[PDB]
Amino acid sequence: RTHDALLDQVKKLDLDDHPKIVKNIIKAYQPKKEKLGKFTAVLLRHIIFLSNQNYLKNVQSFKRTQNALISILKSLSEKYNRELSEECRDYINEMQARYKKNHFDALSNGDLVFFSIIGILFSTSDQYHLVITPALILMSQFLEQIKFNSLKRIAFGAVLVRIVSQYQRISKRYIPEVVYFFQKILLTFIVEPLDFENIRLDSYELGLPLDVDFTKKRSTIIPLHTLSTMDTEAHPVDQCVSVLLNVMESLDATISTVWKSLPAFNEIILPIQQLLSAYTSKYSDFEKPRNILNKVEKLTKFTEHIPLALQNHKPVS
Amino acid sequence: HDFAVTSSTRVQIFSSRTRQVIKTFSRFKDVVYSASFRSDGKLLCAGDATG
Amino acid sequence: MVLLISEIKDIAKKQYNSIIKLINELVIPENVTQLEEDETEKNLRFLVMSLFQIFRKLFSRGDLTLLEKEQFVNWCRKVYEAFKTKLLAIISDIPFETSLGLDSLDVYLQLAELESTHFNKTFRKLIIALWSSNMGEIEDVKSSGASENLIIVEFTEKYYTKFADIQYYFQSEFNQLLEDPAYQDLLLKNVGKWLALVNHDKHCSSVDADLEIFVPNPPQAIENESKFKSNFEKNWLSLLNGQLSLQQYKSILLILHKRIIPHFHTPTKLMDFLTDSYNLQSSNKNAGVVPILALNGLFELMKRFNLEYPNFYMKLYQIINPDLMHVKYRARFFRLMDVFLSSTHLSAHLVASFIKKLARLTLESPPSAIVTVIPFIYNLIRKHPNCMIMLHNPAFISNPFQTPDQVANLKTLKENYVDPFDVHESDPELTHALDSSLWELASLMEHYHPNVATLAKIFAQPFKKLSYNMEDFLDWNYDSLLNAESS
Amino acid sequence: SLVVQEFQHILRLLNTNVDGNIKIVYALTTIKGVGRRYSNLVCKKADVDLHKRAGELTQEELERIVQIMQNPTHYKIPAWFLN
Amino acid sequence: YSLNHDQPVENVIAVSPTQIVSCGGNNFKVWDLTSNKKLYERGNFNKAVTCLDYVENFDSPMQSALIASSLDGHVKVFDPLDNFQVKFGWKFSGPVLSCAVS
Amino acid sequence: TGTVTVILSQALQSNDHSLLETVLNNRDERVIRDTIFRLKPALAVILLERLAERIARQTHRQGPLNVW
């Protein structure tokens, strides 16, 4: 309770399966200010640590207790926000200390799940926030400055794209960085080239050959990041097409939520349009890309595509 | 015996034997752009940056 | 140990014979350091440092104090043996022995002072030793810098940046040593050593500050600044002709742009080098960014003297790319953009081409690059108000107070409208960017960051001012933005 | 066919905002606290042409003006002239 | 009718009642109106030509002279009677913007 | 490498006597060979004509100019 390490040791000694139960009992005893703020600090640190350490238990024995912990966090966040924001700021500062010390060697699926829970909990629709907007630009920097050269980084980008898709389905904003991420991922997947050299990718080793069945039984998004990101070094074409379809589905969801309202979706998608046309000319059996092209063509037909009226203001009296 | 030169908000008339600033024009607001004499050698016209 | 006992004996002291024996022991310390290459006396080298201090004290005593020909020959031989032992310890210090290198450098400097006061060849031998020295982490530091040495970097940072006379004789002896064939190849191998020795920005030709004198009697080291320029230019032409790599290439481009120009005397040879650099366009993604500083040098070259580069704005249109956004020199490149596009003979076609290229760039560009490009766009539009039609067409806007015939005509015009801008067209004058509006600036309106969105609202609102302070709104980064937001 | 050159609008000077579209002596007069021949002779001592507009006078002679006027006694300014 | 000077023309000078000069960009084309076509063209200039004037029937060994300044202090004197052949030149360090003759 | 090809070509396209003098002041044979290798044929021809007229004007200048 008083110390994060001490309370983590107590929870581990009691049980990893019912650390949520032990912490809930302790918090109920305590609520019955500073004590509960320290409990919130230790609970956030402990759930991040658990996400970093272990996910071997299945949905029926680990996801249930994780969701119980999430509910306890919802209760303590509905009861307290100031201490939670302060520890969020500290957690930031330590993230960027880690990142400046090691650009890629000091990140965590714990940071990713922290971002996800922050987005789920807070009123993400706010234009400016002491927590959301800082973490928003931190997430942008995370997805942009990472030297994309491996499938674990690709999956990190994919989960970041999913969380910002939630962000801009509840907020409806636009990210040129996620556009660049999509273009870079497509180019590094189909590098195997002559039509795209301004994207400046990093890795010349991974591609996409014509040995995929792309069926429904073929591995879907099914994101087990706490396992996929650490077993992704073994690289089958099934895993490659699964992550490709994951990023493509997130791209389509972002389109259908915000980018239809985006006025320049046509010129946003033009590089993606060329990449997907190359996809179709190379494979000729990609139904989801076909539907994406149909949707973009529909948007081009329905958009005004007319010169704007930016400098049209009313006269002064 | 004389010629006109444009400059910053300033039109200068110089002589030939003296080659000195003979006449000064500074009633412009912004920099002048063009200067031209008439065939009769009396009127000089200047195009400025005010239109 | 034995070194300390010899030190005590020499301090207490046949005094010439004892000093000769101590000098022989300090020359045997070259073999001690050779064995130290495998293990520096259990990786401590404390005895070696004590022996070096003893040798320095003995050399000082010998310089203070000293068959006259035989005695002078013996004293000079002992002093030269100590200096050569220090030079060999510095040269063969493949292992990173910081204390041993520092002791060797201090002993060599003291011996050089004593020789200059009582006895140039010692200087060239010292430089030969320092350049024959090589370390694994020192050879071609690729992430940053030129050569992450130890001995030559400390030599520069506490010995070269202080004495202008030593700088003058320094460059003269490099000219001599480069005329020397084998050591010319030595410099060719250790190019980055000179880069690390020269990027320190406090050289003699920098008349902004003054450098104090090492030798009590400087032998006419202020004979000619143009002679200093000639030595600088000869050394630099030799090094740029020999053994160039990518990181050293970028570093020499930076030092040329910022520091060499005050120190160089063959600007036409710099012209040829810089135009080769700017026309250097290959498939290397790492070598495709040199044209930035290459054009920086070329343009300051054009300013210093009036020469040409054909299809200049053609090359700018070609060179503008998102790789510029991804590289970290885009701040200086935007200063360059200011000083090019500030001309008064540019046209609507050129400004429209550049603004549309930058609009696609800000459609796909990082937010720091967005806040760098916003002031440029605003100032460019304000300077050339001819692009108000593409900012908002007056024919495409509607009004209730006009006839249904014109309503139908406007509807048909909107139906038959098409965007005619061409991206692949390398001619800024030929790209029909006048008709193309900025849906990309509309997306910038619909950005996500609050500060960027406010800058977008500034774009949308009518242009009331001219001064936008490009410098203050020019250098921004992710970390800087986070610091500002937290503050 | 690019050409290079070397003008300023309303600009700040000693926390006072004065236009670049007015003659130099009288811009310095409208600088608060100082007056007619104060401005005239500070221009004279700064050694600039008196027929110019404040769009001219780039920053180095601008700062000579500032330093001379803010150190008047150190430039042989007579006490009976001082305020 | 129009006669094409592809690069941006910055000067048009009616040198003669039948001939004109288009002075723009690096080169300059001397056209004739009656033939509606360029009699000659000279591209002997270094950068874009910035100014061009003409003088005729004055006290000189050469009857007519054509001056052109091309942004280098580089002023060059040609002559229409010699098909605008190089006759003289001066170079002034500052890039000249205008030139003229009495 | 250290050639002066672009300056030679510019001077020959616009025959600036001062610039051509400053660029012929040099005497490095490797640079001479590199220039004339990366020089245009007709431009080098008119360059040779310029060298001829300068040797005629100042035969004292022809010393290092005898190898151009």
# chains A, B, ... in the order shown; residues from 1 in each chain; ligands from 1
>>> select_by_dssp(residues="chain F", states="helix (DSSP H, G or I)", output="PyMOL selection string")
chain F and resi 5-13+17-24+29-37+41-57+59-65
>>> select_by_dssp(residues="chain D", states="strand (DSSP E)", output="PDB file with C-alpha atoms, in the first residue's frame")
ATOM      1  CA  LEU D  11       7.778  48.402 -35.808  1.00  0.00           C
ATOM      2  CA  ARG D  12       8.536  48.492 -32.092  1.00  0.00           C
ATOM      3  CA  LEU D  13      11.290  50.626 -30.584  1.00  0.00           C
ATOM      4  CA  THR D  16       6.933  52.076 -28.475  1.00  0.00           C
ATOM      5  CA  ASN D  17       5.323  51.192 -31.806  1.00  0.00           C
ATOM      6  CA  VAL D  18       6.236  53.649 -34.574  1.00  0.00           C
TER       7      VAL D  18
END
>>> interface_residues(of="chain C", to="chain F", cutoff="12 Å", atoms="only C-alpha atoms", output="list in words")
residues 233, 234, 236, 237, 238, 239, 240, 241, 242, 243, 244, 266, 267, 268, 269, 270, 271, 272, 273, 274, 275, 276, 277, 305, 306, 307, 308, 309 and 310 of chain C
>>> residues_around(residues="range 344-353 of chain C", least_positions_apart="5", cutoff="10 Å", atoms="only C-alpha atoms", output="PDB file with N, CA, C and O atoms, in the first residue's frame")
ATOM      1  N   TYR C 313      15.530  27.044 -60.138  1.00  0.00           N
ATOM      2  CA  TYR C 313      14.245  26.724 -59.533  1.00  0.00           C
ATOM      3  C   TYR C 313      13.720  25.380 -60.020  1.00  0.00           C
ATOM      4  O   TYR C 313      12.970  24.721 -59.291  1.00  0.00           O
ATOM      5  N   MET C 314      14.136  24.936 -61.212  1.00  0.00           N
ATOM      6  CA  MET C 314      13.921  23.547 -61.607  1.00  0.00           C
ATOM      7  C   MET C 314      14.528  22.586 -60.594  1.00  0.00           C
ATOM      8  O   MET C 314      13.884  21.614 -60.177  1.00  0.00           O
ATOM      9  N   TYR C 317      12.568  22.661 -57.291  1.00  0.00           N
ATOM     10  CA  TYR C 317      11.340  21.885 -57.406  1.00  0.00           C
ATOM     11  C   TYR C 317      11.642  20.395 -57.336  1.00  0.00           C
ATOM     12  O   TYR C 317      10.928  19.638 -56.670  1.00  0.00           O
ATOM     13  N   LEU C 358       4.272  22.077 -51.348  1.00  0.00           N
ATOM     14  CA  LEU C 358       4.272  22.183 -49.896  1.00  0.00           C
ATOM     15  C   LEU C 358       2.930  21.798 -49.287  1.00  0.00           C
ATOM     16  O   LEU C 358       2.895  21.326 -48.149  1.00  0.00           O
ATOM     17  N   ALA C 359       1.830  21.980 -50.019  1.00  0.00           N
ATOM     18  CA  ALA C 359       0.528  21.562 -49.514  1.00  0.00           C
ATOM     19  C   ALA C 359       0.418  20.042 -49.475  1.00  0.00           C
ATOM     20  O   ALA C 359      -0.111  19.479 -48.512  1.00  0.00           O
ATOM     21  N   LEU C 380       4.857  33.495 -47.928  1.00  0.00           N
ATOM     22  CA  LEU C 380       4.896  33.422 -49.384  1.00  0.00           C
ATOM     23  C   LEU C 380       3.604  33.946 -49.995  1.00  0.00           C
ATOM     24  O   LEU C 380       3.627  34.724 -50.958  1.00  0.00           O
ATOM     25  N   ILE C 381       2.461  33.530 -49.441  1.00  0.00           N
ATOM     26  CA  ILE C 381       1.187  34.031 -49.940  1.00  0.00           C
ATOM     27  C   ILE C 381       1.085  35.534 -49.738  1.00  0.00           C
ATOM     28  O   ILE C 381       0.621  36.255 -50.630  1.00  0.00           O
ATOM     29  N   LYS C 383       3.483  37.732 -49.602  1.00  0.00           N
ATOM     30  CA  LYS C 383       4.381  38.410 -50.530  1.00  0.00           C
ATOM     31  C   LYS C 383       3.837  38.385 -51.952  1.00  0.00           C
ATOM     32  O   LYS C 383       3.966  39.371 -52.687  1.00  0.00           O
ATOM     33  N   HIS C 384       3.231  37.273 -52.364  1.00  0.00           N
ATOM     34  CA  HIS C 384       2.624  37.161 -53.690  1.00  0.00           C
ATOM     35  C   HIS C 384       1.128  36.965 -53.527  1.00  0.00           C
ATOM     36  O   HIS C 384       0.637  35.833 -53.433  1.00  0.00           O
ATOM     37  N   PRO C 385       0.367  38.060 -53.505  1.00  0.00           N
ATOM     38  CA  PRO C 385      -1.090  37.968 -53.379  1.00  0.00           C
ATOM     39  C   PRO C 385      -1.804  37.519 -54.643  1.00  0.00           C
ATOM     40  O   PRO C 385      -3.033  37.616 -54.704  1.00  0.00           O
ATOM     41  N   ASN C 386      -1.076  37.035 -55.648  1.00  0.00           N
ATOM     42  CA  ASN C 386      -1.690  36.644 -56.906  1.00  0.00           C
ATOM     43  C   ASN C 386      -2.417  35.306 -56.787  1.00  0.00           C
ATOM     44  O   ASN C 386      -3.175  34.939 -57.690  1.00  0.00           O
ATOM     45  N   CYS C 387      -2.245  34.592 -55.676  1.00  0.00           N
ATOM     46  CA  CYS C 387      -2.797  33.252 -55.495  1.00  0.00           C
ATOM     47  C   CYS C 387      -4.109  33.268 -54.713  1.00  0.00           C
ATOM     48  O   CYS C 387      -4.571  32.238 -54.217  1.00  0.00           O
ATOM     49  N   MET C 390      -6.707  30.826 -56.263  1.00  0.00           N
ATOM     50  CA  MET C 390      -6.614  29.432 -55.847  1.00  0.00           C
ATOM     51  C   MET C 390      -6.908  29.261 -54.362  1.00  0.00           C
ATOM     52  O   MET C 390      -7.334  28.178 -53.944  1.00  0.00           O
ATOM     53  N   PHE C 421      -3.850  20.080 -61.945  1.00  0.00           N
ATOM     54  CA  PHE C 421      -2.476  20.145 -61.468  1.00  0.00           C
ATOM     55  C   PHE C 421      -1.725  18.860 -61.791  1.00  0.00           C
ATOM     56  O   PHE C 421      -2.281  17.760 -61.725  1.00  0.00           O
ATOM     57  N   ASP C 422      -0.450  19.008 -62.139  1.00  0.00           N
ATOM     58  CA  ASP C 422       0.429  17.885 -62.428  1.00  0.00           C
ATOM     59  C   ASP C 422       1.545  17.857 -61.396  1.00  0.00           C
ATOM     60  O   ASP C 422       2.163  18.889 -61.115  1.00  0.00           O
ATOM     61  N   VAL C 423       1.799  16.679 -60.838  1.00  0.00           N
ATOM     62  CA  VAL C 423       2.858  16.521 -59.848  1.00  0.00           C
ATOM     63  C   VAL C 423       4.172  16.107 -60.500  1.00  0.00           C
ATOM     64  O   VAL C 423       5.233  16.639 -60.162  1.00  0.00           O
ATOM     65  N   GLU C 425       5.282  16.742 -63.352  1.00  0.00           N
ATOM     66  CA  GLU C 425       5.854  17.775 -64.204  1.00  0.00           C
ATOM     67  C   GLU C 425       6.941  18.519 -63.441  1.00  0.00           C
ATOM     68  O   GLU C 425       6.660  19.203 -62.452  1.00  0.00           O
ATOM     69  N   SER C 426       8.182  18.386 -63.899  1.00  0.00           N
ATOM     70  CA  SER C 426       9.319  18.998 -63.229  1.00  0.00           C
ATOM     71  C   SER C 426       9.420  20.502 -63.456  1.00  0.00           C
ATOM     72  O   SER C 426      10.238  21.154 -62.799  1.00  0.00           O
ATOM     73  N   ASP C 427       8.620  21.076 -64.359  1.00  0.00           N
ATOM     74  CA  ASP C 427       8.687  22.514 -64.585  1.00  0.00           C
ATOM     75  C   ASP C 427       7.703  23.196 -63.651  1.00  0.00           C
ATOM     76  O   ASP C 427       6.487  23.020 -63.799  1.00  0.00           O
ATOM     77  N   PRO C 428       8.190  23.969 -62.679  1.00  0.00           N
ATOM     78  CA  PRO C 428       7.275  24.759 -61.840  1.00  0.00           C
ATOM     79  C   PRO C 428       6.447  25.733 -62.647  1.00  0.00           C
ATOM     80  O   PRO C 428       5.294  25.997 -62.287  1.00  0.00           O
ATOM     81  N   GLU C 429       6.997  26.260 -63.742  1.00  0.00           N
ATOM     82  CA  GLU C 429       6.230  27.155 -64.596  1.00  0.00           C
ATOM     83  C   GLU C 429       5.185  26.407 -65.413  1.00  0.00           C
ATOM     84  O   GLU C 429       4.174  26.998 -65.810  1.00  0.00           O
ATOM     85  N   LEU C 430       5.402  25.118 -65.679  1.00  0.00           N
ATOM     86  CA  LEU C 430       4.459  24.358 -66.488  1.00  0.00           C
ATOM     87  C   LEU C 430       3.386  23.653 -65.672  1.00  0.00           C
ATOM     88  O   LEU C 430       2.308  23.381 -66.214  1.00  0.00           O
ATOM     89  N   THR C 431       3.640  23.342 -64.400  1.00  0.00           N
ATOM     90  CA  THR C 431       2.594  22.751 -63.569  1.00  0.00           C
ATOM     91  C   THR C 431       1.433  23.729 -63.446  1.00  0.00           C
ATOM     92  O   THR C 431       1.620  24.880 -63.036  1.00  0.00           O
ATOM     93  N   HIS C 432       0.236  23.270 -63.809  1.00  0.00           N
ATOM     94  CA  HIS C 432      -0.968  24.098 -63.762  1.00  0.00           C
ATOM     95  C   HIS C 432      -1.543  24.022 -62.352  1.00  0.00           C
ATOM     96  O   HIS C 432      -2.604  23.443 -62.099  1.00  0.00           O
ATOM     97  N   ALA C 433      -0.814  24.621 -61.415  1.00  0.00           N
ATOM     98  CA  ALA C 433      -1.223  24.675 -60.021  1.00  0.00           C
ATOM     99  C   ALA C 433      -2.067  25.900 -59.712  1.00  0.00           C
ATOM    100  O   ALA C 433      -2.541  26.048 -58.581  1.00  0.00           O
ATOM    101  N   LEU C 434      -2.266  26.783 -60.693  1.00  0.00           N
ATOM    102  CA  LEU C 434      -3.089  27.965 -60.475  1.00  0.00           C
ATOM    103  C   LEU C 434      -4.550  27.604 -60.249  1.00  0.00           C
ATOM    104  O   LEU C 434      -5.211  28.213 -59.401  1.00  0.00           O
ATOM    105  N   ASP C 435      -5.067  26.628 -60.991  1.00  0.00           N
ATOM    106  CA  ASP C 435      -6.458  26.215 -60.854  1.00  0.00           C
ATOM    107  C   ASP C 435      -6.695  25.325 -59.642  1.00  0.00           C
ATOM    108  O   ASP C 435      -7.802  25.326 -59.090  1.00  0.00           O
ATOM    109  N   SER C 436      -5.687  24.571 -59.212  1.00  0.00           N
ATOM    110  CA  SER C 436      -5.848  23.639 -58.104  1.00  0.00           C
ATOM    111  C   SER C 436      -5.965  24.407 -56.793  1.00  0.00           C
ATOM    112  O   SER C 436      -5.093  25.217 -56.462  1.00  0.00           O
ATOM    113  N   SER C 437      -7.038  24.151 -56.050  1.00  0.00           N
ATOM    114  CA  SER C 437      -7.204  24.735 -54.728  1.00  0.00           C
ATOM    115  C   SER C 437      -6.477  23.862 -53.711  1.00  0.00           C
ATOM    116  O   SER C 437      -5.749  22.931 -54.065  1.00  0.00           O
TER     117      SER C 437
ATOM    118  N   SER D   1      16.078  34.170 -62.996  1.00  0.00           N
ATOM    119  CA  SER D   1      16.178  35.622 -63.071  1.00  0.00           C
ATOM    120  C   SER D   1      15.992  36.247 -61.694  1.00  0.00           C
ATOM    121  O   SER D   1      15.505  37.370 -61.573  1.00  0.00           O
ATOM    122  N   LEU D   2      16.389  35.513 -60.659  1.00  0.00           N
ATOM    123  CA  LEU D   2      16.225  35.991 -59.296  1.00  0.00           C
ATOM    124  C   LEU D   2      17.120  37.200 -59.036  1.00  0.00           C
ATOM    125  O   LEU D   2      18.227  37.318 -59.567  1.00  0.00           O
ATOM    126  N   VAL D   3      16.619  38.106 -58.203  1.00  0.00           N
ATOM    127  CA  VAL D   3      17.374  39.285 -57.791  1.00  0.00           C
ATOM    128  C   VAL D   3      17.239  39.437 -56.283  1.00  0.00           C
ATOM    129  O   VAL D   3      16.201  39.107 -55.703  1.00  0.00           O
ATOM    130  N   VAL D   4      18.301  39.926 -55.653  1.00  0.00           N
ATOM    131  CA  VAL D   4      18.329  40.127 -54.213  1.00  0.00           C
ATOM    132  C   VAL D   4      18.335  41.622 -53.924  1.00  0.00           C
ATOM    133  O   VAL D   4      18.699  42.448 -54.766  1.00  0.00           O
ATOM    134  N   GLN D   5      17.923  41.969 -52.708  1.00  0.00           N
ATOM    135  CA  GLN D   5      17.808  43.363 -52.301  1.00  0.00           C
ATOM    136  C   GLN D   5      18.112  43.459 -50.811  1.00  0.00           C
ATOM    137  O   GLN D   5      18.650  42.526 -50.208  1.00  0.00           O
TER     138      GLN D   5
ATOM    139  N   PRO E   8      10.827  33.955 -70.103  1.00  0.00           N
ATOM    140  CA  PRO E   8      10.197  35.238 -69.763  1.00  0.00           C
ATOM    141  C   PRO E   8      10.922  36.430 -70.362  1.00  0.00           C
ATOM    142  O   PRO E   8      12.055  36.737 -69.981  1.00  0.00           O
ATOM    143  N   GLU E  10      11.751  40.214 -70.745  1.00  0.00           N
ATOM    144  CA  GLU E  10      11.733  41.345 -69.831  1.00  0.00           C
ATOM    145  C   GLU E  10      11.921  42.680 -70.534  1.00  0.00           C
ATOM    146  O   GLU E  10      11.733  43.726 -69.903  1.00  0.00           O
TER     147      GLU E  10
END
>>> residues_around(residues="residue 394 in chain C", least_positions_apart="5", cutoff="12 Å", atoms="only C-alpha atoms", output="short mmCIF file (atom, residue, chain, number, x, y, z; two decimals) with C-alpha atoms, in the first residue's frame")
data_model
loop_
_atom_site.label_atom_id
_atom_site.label_comp_id
_atom_site.auth_asym_id
_atom_site.auth_seq_id
_atom_site.Cartn_x
_atom_site.Cartn_y
_atom_site.Cartn_z
CA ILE A 306 -14.33 22.36 -56.05
CA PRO A 307 -12.04 25.32 -55.22
CA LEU A 308 -12.78 26.49 -51.69
CA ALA A 309 -13.82 29.86 -50.22
CA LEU A 310 -11.12 30.37 -47.60
CA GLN A 311 -10.76 34.14 -48.04
CA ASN A 312 -14.47 34.96 -47.97
CA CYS C 387 -2.80 33.25 -55.50
CA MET C 388 -6.04 34.52 -53.97
CA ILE C 389 -7.94 32.87 -56.83
CA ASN C 399 -24.94 34.20 -53.83
CA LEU C 410 -22.42 27.68 -62.15
CA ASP C 435 -6.46 26.22 -60.85
#
>>> closest_residue(among="D:45, D:36, D:51, D:77", to="residue 64 in chain D", atoms="only C-alpha atoms")
D:45
>>> atom_distance(atom1="CA of residue 228 in chain C", atom2="CA of residue 11 in chain F")
29.0 Å
>>> atom_distance(atom1="CA of residue 263 in chain A", atom2="CA of residue 439 in chain C")
5.8 Å
>>> residues_around(residues="residue 36 in chain B", least_positions_apart="6", cutoff="9 Å", atoms="only C-alpha atoms", output="number ranges by chain")
B: 4, 43-46
>>> write_last_selection(atoms="N, CA and C atoms", output="mmCIF file, in the first residue's frame")
data_model
loop_
_atom_site.group_PDB
_atom_site.id
_atom_site.type_symbol
_atom_site.label_atom_id
_atom_site.label_comp_id
_atom_site.auth_asym_id
_atom_site.auth_seq_id
_atom_site.Cartn_x
_atom_site.Cartn_y
_atom_site.Cartn_z
ATOM 1 N N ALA B 4 17.279 60.370 -65.558
ATOM 2 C CA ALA B 4 16.507 60.026 -64.376
ATOM 3 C C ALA B 4 16.742 58.575 -63.987
ATOM 4 N N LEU B 43 7.847 66.285 -69.133
ATOM 5 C CA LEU B 43 7.147 65.464 -68.161
ATOM 6 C C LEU B 43 7.888 64.154 -67.959
ATOM 7 N N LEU B 44 8.142 63.813 -66.703
ATOM 8 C CA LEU B 44 8.585 62.479 -66.348
ATOM 9 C C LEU B 44 7.454 61.771 -65.620
ATOM 10 N N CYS B 45 7.242 60.516 -65.991
ATOM 11 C CA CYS B 45 6.199 59.677 -65.431
ATOM 12 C C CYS B 45 6.838 58.517 -64.687
ATOM 13 N N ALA B 46 6.297 58.212 -63.513
ATOM 14 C CA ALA B 46 6.820 57.160 -62.654
ATOM 15 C C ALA B 46 5.679 56.236 -62.250
#
>>> residues_around(residues="residue 72 in chain D", least_positions_apart="3", cutoff="12 Å", atoms="only C-alpha atoms", output="ChimeraX atom specification")
/D:38-39,41-42,45-46,64-69,75-79,81-83
